């Protein structure tokens, strides 16, 4: 019977704290510097309260429905309040309780991304309703499909740290909501906290302190740097000079782009993905809700590029046996399409339920 490795337990608990740091206070500060001053306090309150709500829903039934064994779309209700999970139960090479906390931290940042941007325009009670509906019917099934042995995983979709589950998923929810900077030092500080926490997000996705965690770590450093330079170069070419917001946006573009690819590509691949993501991000915003443009565009770019750069010939770890680059690409595209439609439909349902119960627009 599988035994827990204390080095992996230590690494994973610290990586979980780093991911939690991305929301509290990372994302809150990022949006806090971007949105109007008069709306900052309310947004910080909404991010904090919804963060709490996600943590509770996760332990009550979220983890069980996302990671329990069930079908292609949902898990089960056998792990309600973590019932039936022995304290010494092992998942991979770490205690399952750590896996519960790590996975929960990803649900939290995904929700923080959406709430932080929409807090300005949405009624408090309406956001709570939306979070409950969307976490339960979008985040949970998509996590199950991708990381819980569901539909996408069973077709061999590659998404190391959440290009689909986190980025595209949140970007679409934010964009559906949108359809329905007073402090740049604060934006920079939030970006910096997101970047440092992202090492736990990306490297921790290996589930162990091995060579894949090391690869994801280095690729995170490289893609982020390449994206900062790509964005800044585009900014200098199009606007005549770099800007602080541009530099921070480029960092996020690279972080998002490398998210699905970090544990599968070589450093050359990380550099290319970083540059392309930084430029795509800049193109995206050119064509606080702009954040959904960066997470959306860059998440799609990253997910597609994972299907290319995972190739051995391109310095990647290699595709699964019997899988051509062409096949992996189709699988990546299908995963992206499914995430977009699934998240969009659920988000629409969430916003509509809130609007029909308490009303959407801030009173």
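Numbering follows the first chain given and starts at 1.
Per the record, residue 180 and residue 181 are separated by a gap of 10 or more residues from the deposited sequence that were not modelled. Gap between residue 287 and residue 288: 4 to 9 deposited residues without coordinates. When the mean C-alpha temperature factors of 122-130 and 289-297 are read from the deposited coordinates, 289-297 comes out higher. Residue 61 sits in the middle third of its chain by CA B factor, as recorded in the PDB entry. Residue 24: CA B factor in the middle third of modelled residues in this chain (values from the PDB entry).
Ranked against the other modelled residues of its chain, the C-alpha B-factor of residue 354 as given in the entry falls in the highest third. Remark: residue 250 belongs to the lowest third of its chain, ranked by C-alpha B-factor as recorded. Ranked by Cα temperature factor within the chain, residue 42 sits in the middle third according to the deposited record.
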